[PDB]
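> Give the three-dimensional model of this entry:
(chains A, B, C and D, ligands or ions: 4)
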Protein chains: 2
Amino acid sequence: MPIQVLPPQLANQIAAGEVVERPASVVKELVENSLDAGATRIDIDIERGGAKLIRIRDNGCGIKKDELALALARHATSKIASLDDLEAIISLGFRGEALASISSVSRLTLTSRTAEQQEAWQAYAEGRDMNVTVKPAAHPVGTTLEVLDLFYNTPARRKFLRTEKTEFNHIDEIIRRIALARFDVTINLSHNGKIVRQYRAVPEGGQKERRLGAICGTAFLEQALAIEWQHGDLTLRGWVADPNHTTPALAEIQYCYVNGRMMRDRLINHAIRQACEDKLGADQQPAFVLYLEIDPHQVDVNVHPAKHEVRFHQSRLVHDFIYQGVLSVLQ
Amino acid sequence: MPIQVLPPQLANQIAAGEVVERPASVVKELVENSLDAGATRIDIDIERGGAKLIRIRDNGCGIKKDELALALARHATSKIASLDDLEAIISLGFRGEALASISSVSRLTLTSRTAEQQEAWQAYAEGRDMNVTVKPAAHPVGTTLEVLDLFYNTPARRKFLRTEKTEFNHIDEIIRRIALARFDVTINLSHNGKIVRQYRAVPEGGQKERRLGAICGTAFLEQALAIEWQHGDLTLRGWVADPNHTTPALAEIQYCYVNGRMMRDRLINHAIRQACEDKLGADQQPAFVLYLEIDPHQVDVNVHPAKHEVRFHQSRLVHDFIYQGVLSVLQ
DNA sequence: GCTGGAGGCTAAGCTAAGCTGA
DNA sequence: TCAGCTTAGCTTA
Ligand SMILES: Nc1ncnc2c1ncn2[C@@H]1O[C@H](COP(=O)(O)OP(=O)(O)NP(=O)(O)O)[C@@H](O)[C@H]1O
Ligand SMILES: Nc1ncnc2c1ncn2[C@@H]1O[C@H](COP(=O)(O)OP(=O)(O)NP(=O)(O)O)[C@@H](O)[C@H]1O
Ligand SMILES: [Mg+2]
Ligand SMILES: [Mg+2]
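Numbering: from 1, shown residues only, chains lettered A, B, ... in the order given. Ligands and ions are numbered 1, 2, ... in the order given. I have put the structure below:
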């Protein structure tokens, strides 16, 4: 058997194996792409638990017609030009294996119109080589993605899809986590056409209690302890629940963000777990939302396909900083 | 800010961010390539903790000149042709992004000679466009990879290399895990030219115990309890230590394999952790080397870039099966 | 003697609570 | 004001 180059559709389907875990991961990737384009209104429209239709609409800068084809392509992005840019990144996007993977394992139609361009355009990728065709359409300034029949072309991945309810629950979990990360963009979720969740954006210099309550819950809000802890460029803000009377209903909310990204990292969770176990004695594991800010040069984020976990250049210092911050919180 | 295709060197450097974590990951990837290729003698030579030179030599099938050129390329492999092959994986390779990534973040000089072809060939990929140069060389039947000056051209990642000692410790850990996974191949590790570890291959139907002692110490062997728990298609074989007198020195040995690949999976580790914490006190978490064998269709392995986390189609059944197996072991 | 790095399910069905229609 | 339907929480696989 010879060493032969995989056809681009097959290569993208393999990339979809790591970056597209469930319909929830498709919603996360498309929402992040909209947020990086400076969008303020995000309208997500899940149908049949994401298996049938996932539609995301935004009021972002859009994708001009000629570059629409290269947007759907693989290893093609407008967020890095060289390794130096990758060292100091601010966007939620580095590589071009985001739209390529989803378009490979589904029927992805990309409708967009930039503010400068008068007329909107559609683009969808099909075939063994994933060629893209651009048809004219009507849309306001912004972009709309429709992911239809997810894993239609990969029978094995469809076998992995769970029931309609659980898949929407995972999509709702990702929407809630994105909404907390950015308290400045309105996110409107809708399942089977019936509105499920609406978060109205609090403007810069506003009250953060209302939206956080709508996402976390009233119990978390009345039991929230807002914090601010700085040892230099390391700054840890956010709300931590009180462990004295935390209920199992509140236990599900354990989110941590590093420079505005969703972190499911071992180091940070372990630091909080040690802090909780030291000033309590047992694993009550109280609810918390922590926003950590560091120079992007002290952190490496190109570590995981879905960019959940992160590698810190100052691992022991960051662990000590988070541990001291949570220890101060429990006072 | 236009959408531009990333140059191949940059794209491969980004892939290296996820697949090439440390010199240990480079040793793991190159050793896996040799085993699947069919090798009985693997000779690894780490110099200056992997930072200066990593050389892996095998007695495998080798790579002919034209296929040698495509070996260094990205998305080029001889282990999958279509999705059906990806469903029915019996090899340790799916994508072509491992050698492309290592050749991107280092000076990779692949040298090989197949059994049939007359003479050996040395091939290396260089430049921002990653052109491949194939010069003549001398080598017996098999292949040799030399990774020199790891992360020389990526200063951002070199700062993450810890020391000479720790990097070799991680390489030694991966070598011991590979050796246990296949008791069929001789693996000879050498640091700065001084032999550190030698494991001689036990012939088919041979006694495993002596090699297991060389990898996990005599204490594991006097405290070993072999198992064969089989329910339906699921078979959990291997050796588990006794928690009655387990030392912290033995606690480092917690390896688990799914269809003969090294798993750092959340579901499996969690199941063993629950089983140990139910029939023990003070979180004893005893040492174990357990081989799970499952139908290749009921587990998905294309889940993580470094392939140490699997997605099971029957998550609850597999968790219960492993939990029951370890619970039976602890009596 | 000092120094790195942190193990840690997941999903479906049933029952209870709240809101809307008769 | 009471009954029925939908959504959330809990339990077992
Ligand atoms: N909603 C949007 N509005 C405007 N531009 C967009 C939008 N979505 C995607 N784009 C652009 O289109 C390109 C498509 O590439 P993509 O694969 O999404 O890159 P990425 O976001 O950097 N990838 P990743 O690292 O996986 O997150 C991006 O570089 C964006 O700049
Ligand atoms: N030691 C070796 N001996 C023989 N053939 C080899 C060897 N190493 C690599 N090859 C061949 O070169 C190709 C390149 O493999 P590589 O780029 O590492 O990806 P892969 O191993 O096929 N998949 P992945 O698990 O992602 O790394 C393989 O398909 C093999 O056919
Ligand atoms: Mg993207
Ligand atoms: Mg490989």
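
> who touches whichever residue of chain A sits closest to ligand 4 in this structure?
Scanning chain A for proximity to ligand 4 using Cβ to the ion identifies residue A:3 as nearest, at 11.3 Å. No exception for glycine: its C-beta is placed from N, CA and C like everyone else's. Counting by Cβ atoms under 8 Å, 6 or more residues apart in numbering or on different chains, residue A:3 touches B:63, B:67, B:70-71, B:76-78, B:96.

> Pull the number of nearby residues for residue A:241.
26 (other Cβ atoms under 10 Å in any protein chain shown).

> For it, list the residues it contacts.
A:220, A:223-225, A:250, A:253, A:286-288.

> quick one: is the lengthiest helix in chain A near chain B?
For chain A, the longest helix by residue count, based on DSSP state H, is helix A:164-181. No. Helix A:164-181 lies out of reach of chain B by Cβ under 8 Å from any Cβ of the partner chain, never closer than 11.7 Å.

> What residues sit buried inside that helix?
A:164, A:167-168, A:170-172, A:174-181 (16 or more other Cβ atoms under 10 Å in any protein chain shown).

> which residues are contacting that helix?
A:22-25, A:27-28, A:31-32, A:35, A:44, A:46, A:48-51, A:54, A:161, A:187, A:189, A:191, A:196-197, A:199, A:211-212, A:215-216, A:255, A:257, A:260-262, A:289.

> can I get the CA coordinates of whichever helix or strand comes after that helix in CSV?
Remark: after helix A:164-181, the chain's next helix or strand is strand A:186-191, criterion DSSP states H and E. Taking Å, rounded to 0.1, in the frame of the first residue of the first chain, the C-alpha atoms of strand A:186-191 are listed here in CSV:
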residue,chain,number,x,y,z
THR,A,186,-26.7,39.8,22.9
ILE,A,187,-27.2,36.0,22.4
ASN,A,188,-30.7,34.6,21.5
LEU,A,189,-31.1,30.8,21.5
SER,A,190,-34.1,29.1,19.8
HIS,A,191,-34.9,25.3,19.7
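
> my read is residue A:108 is in a strand, agree?
Yes. Checked against DSSP: H, G, I helix; E, B strand; the rest coil, residue A:108 lies within a strand.

> Tell me how far it lies from ligand 2.
25 Å (Cβ to the nearest ligand atom, to the nearest Å).

> That residue contacts residue A:101, correct?
No. Applying Cβ atoms under 8 Å, one finds residue A:108 not in contact with residue A:101, separated by 9.8 Å.

> picking up where we left off before, pull out the buried members of the contacts of residue A:3.
Applying 16+ other Cβ under 10 Å to those flags B:63, B:67, B:70-71, B:76-78, B:96 as buried.

> For residue A:303, state which of those residues is nearest.
residue B:96 (21.0 Å; Cβ to Cβ).

> Hmm, that closest one is touching residue B:72, no?
No. Using Cβ under 8 Å, residue B:96 is not in contact with residue B:72; the gap is 9.4 Å.

> Determine the number of other residues adjacent to residue A:10.
19.

> Is it correct that it falls within a strand?
No. Using three-state DSSP, the assignment for residue A:10 is helix, not a strand.

> so what's it up against?
By Cβ under 8 Å, 6+ apart, the contact set of residue A:10 is B:80, B:82-83.

> Next step: the residues you listed restricted to strands.
Among these, no member falls in strands (DSSP state E).

> For PyMOL, write the selection for the buried entries among those residues.
Burial among the contacts of residue A:10 is assessed by 16+ other Cβ under 10 Å; the matching PyMOL selection reads:
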select buried, chain B and resi 80+83
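
> Using CSV, lay out the contacts of residue A:10 together with distance to DNA strand C.
Compiled in CSV, the contacts of residue A:10 are given as follows (distance: Cβ to the nearest atom of the strand, whole Å):
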residue, distance to DNA strand C
B:80, 25
B:82, 27
B:83, 22
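
> is DNA strand D contacted by the longest helix of chain A?
No. Judged by Cβ under 7 Å from any atom of the strand, helix A:164-181 makes no contact with DNA strand D; its nearest approach is 7.8 Å.

> Go ahead and measure how far that helix is from the middle of the chain.
10 Å (Cα atoms, centre = their mean, to the nearest Å).

> So that helix, near ligand 1 or not?
No. Using Cβ under 6 Å from any ligand atom, helix A:164-181 stays clear of ligand 1, coming no nearer than 13.3 Å.

> That helix to strand A:186-191, inter-axis angle?
180 degrees (axes from the mean of the first three to the mean of the last three Cα atoms, to 10 degrees).

> near ligand 3, which residues of chain A?
Within chain A, the positions adjacent to ligand 3 are A:33, A:93, A:98 by Cβ under 5 Å from the ion.

> quick one, what contacts the first one?
Applying Cβ under 8 Å, 6+ apart, one finds that residue A:33 lies in contact with A:92-93, A:98-99.

> Narrow the residues you listed to those in helices?
residue A:99.

> any idea which of the contacts of residue A:33 has the most stuff around it?
Neighbour counts for the contacts of residue A:33 peak at residue A:99, which has 25 neighbours (criterion: other Cβ under 10 Å).

> tally of neighbours for the closest residue to that one other than its chain neighbours?
Once flanking residues are discounted, residue A:99 sits nearest to residue A:72: 5.4 Å by Cβ to Cβ, 6 or more residues apart in numbering or on different chains. Using other Cβ under 10 Å, residue A:72 has 22 neighbouring residues.

> residues touching residue A:72, list them.
Per Cβ under 8 Å, 6+ apart, neighbours of residue A:72: A:99-100, A:103, A:108, A:110, A:123-125, A:130, A:132.

> now residue A:314
residue A:298.

> quick one: is stretch A:95-104 near ligand 1?
Yes. Against ligand 1, stretch A:95-104 shows contacts by Cβ under 6 Å from any ligand atom at A:95-99.

> nope, stretch A:257-272 is what I meant
No. Stretch A:257-272 lies out of reach of ligand 1 by Cβ under 6 Å from any ligand atom, never closer than 10.6 Å.

> Report whether that stretch contacts chain B.
No. Stretch A:257-272 lies apart from chain B when judged by Cβ under 8 Å from any Cβ; the minimum separation is 10.5 Å.

> Need the residues that contact that stretch.
A:28, A:90, A:92, A:174, A:177-178, A:180-182, A:238, A:254-256, A:288-294, A:296, A:299, A:301, A:307-310, A:312, A:315, A:318-319, A:322-323, A:326.

> Alpha carbons of it, in PDB - could you do that?
This file holds the C-alpha atoms of stretch A:257-272, laid out as PDB (Å, rounded to 0.1, in the frame of the first residue of the first chain):
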ATOM      1  CA  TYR A 257     -11.800  32.000  31.400                       C
ATOM      2  CA  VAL A 258      -8.200  33.000  30.500                       C
ATOM      3  CA  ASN A 259      -8.100  36.200  28.400                       C
ATOM      4  CA  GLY A 260     -11.700  35.600  27.300                       C
ATOM      5  CA  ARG A 261     -11.500  31.900  26.300                       C
ATOM      6  CA  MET A 262     -13.300  28.800  27.800                       C
ATOM      7  CA  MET A 263     -10.700  26.900  29.900                       C
ATOM      8  CA  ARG A 264     -11.300  23.200  30.900                       C
ATOM      9  CA  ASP A 265      -7.600  23.100  32.100                       C
ATOM     10  CA  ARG A 266      -6.100  20.700  34.700                       C
ATOM     11  CA  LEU A 267      -3.800  23.300  36.300                       C
ATOM     12  CA  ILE A 268      -6.500  25.900  37.000                       C
ATOM     13  CA  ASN A 269      -9.200  23.400  38.200                       C
ATOM     14  CA  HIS A 270      -6.600  21.700  40.400                       C
ATOM     15  CA  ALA A 271      -5.500  25.000  42.000                       C
ATOM     16  CA  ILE A 272      -9.200  25.900  42.800                       C
END
